[PDB]
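Presented as structure tokens, the chain that follows is alone, the form deposited in one PDB entry.
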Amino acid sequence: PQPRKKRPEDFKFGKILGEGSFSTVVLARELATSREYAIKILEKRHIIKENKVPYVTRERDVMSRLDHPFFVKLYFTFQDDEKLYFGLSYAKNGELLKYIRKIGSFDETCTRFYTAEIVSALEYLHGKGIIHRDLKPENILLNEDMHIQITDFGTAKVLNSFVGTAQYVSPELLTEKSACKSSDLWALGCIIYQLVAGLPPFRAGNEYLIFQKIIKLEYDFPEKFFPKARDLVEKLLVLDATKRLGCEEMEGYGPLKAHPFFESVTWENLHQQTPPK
């Protein structure tokens, strides 16, 4: 058995957290328990009209398979005649992009801690044969205890039809049109650069100009960029996808976690550690 299927009437919906093209995330409090959930609401007619059923289905199926603290949890689903509802963890401290903008460049201790949690999360995800394909600060949420919770899985791939946010797109996605774990590792390199520098590495006036810089590996490190972090970024932002730290061709997550930038990191229990304030 499982809990009774929930329904709209079981909740007091509150504010809209955000709105997308095919869905809206609304904060809702379950009446019988007082628990707060971030409920993603999708209109069936619109999903069907735009051929998004594979994506919506993928979002639900991938999230159902995840069971790790660094990922948003899918607690339940239900639907009425017009909409689909996905009950998700409500990450109280919002997204990492907000935090980066709020504080600007992170010092080395904060960069290390959050980079380690993302690496640890990717190790888990890739270990299950799942690629995110749209990893960016906006999709990395912060829970009440300031640990990360990664979300946005509709565009994930379970091991060449989707391309994520321009600034985090890998060269292989612009040249060969194919999805690999290497693309998430490239995104990781961009994110580490962004935490240290305050902005992503490839920036320009429009998407075409950004893609142009990406394929030519046209970016540079600002002064004072932590040396070990720069070395790590240089080993992730590599045009040849098979040579990025973390790839099976480079012998996996072991060598990545062993990079000097992570020397003081205890990988086994990051989630029990107190995030640096």
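Quick note: we count residues from 1 along the sequence shown, nothing fancier.
- Compared with other entries of the same protein, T151 falls outside the group left without coordinates by a third of them; all model it where both flanks are modelled.
- Missing-residue comparison: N160 falls in the unmodelled set for a third or more of the other PDB entries checked.
- Coordinates are absent for 4 to 9 residues of the deposited sequence placed between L159 and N160.
- A summary of the deposited B-factors shows that, of 32 to 40 and 238 to 246, the stretch with the larger mean C-alpha value is 238 to 246.
- Between 143 to 151 and 116 to 124, the higher mean Cα B-factor belongs to 143 to 151.
- Out of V163, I191, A91, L84, the entry records its largest CA B-factor for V163.
- Of the candidates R65, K213, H68, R230, the PDB record gives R65 the highest C-alpha temperature factor.
- Residue-level temperature factors show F22 in the highest third of its chain, judged at the C-alpha atom.
- In the PDB entry, a CA B factor belonging to the middle third of its chain's modelled residues is recorded for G129.
- Ranked by Cα temperature factor within the chain, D184 sits in the lowest third according to the deposited record.
- Among all modelled residues in its chain, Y168 ranks in the lowest third by Cα B-factor.
- For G104, the recorded CA temperature factor ranks within the highest third of the chain's modelled residues.
The same protein also exists as the form deposited with a partner chain bound; that form is not shown, yet it is the one meant from here on.
- Contact with its partner chain in the bound PDB entry, judged as any non-hydrogen atom within 4.5 angstroms, is confined among 227 to 235, 214 to 222, 57 to 65, 240 to 248 to 57 to 65.
- Out of the listed residues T109, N143, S105, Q79, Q79 is the one that sits within 4.5 Å of its partner chain in the bound PDB entry by at least one heavy atom.
- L84 is the sole member of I130, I100, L84, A179 with a non-hydrogen atom lying within 4.5 angstroms of its partner chain in the bound PDB entry.
- Taking non-hydrogen atoms only, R203 never approaches its partner chain to within 4.5 angstroms in the bound PDB entry.
- None of the heavy atoms of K277 is located within 4.5 Å of its partner chain in the bound PDB entry.
- In the bound PDB entry, at least one heavy atom of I47 sits within 4.5 Å of a heavy atom of its partner chain.
- Proximity of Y75 to its partner chain in the bound PDB entry falls within the 4.5 Å heavy atom cutoff.
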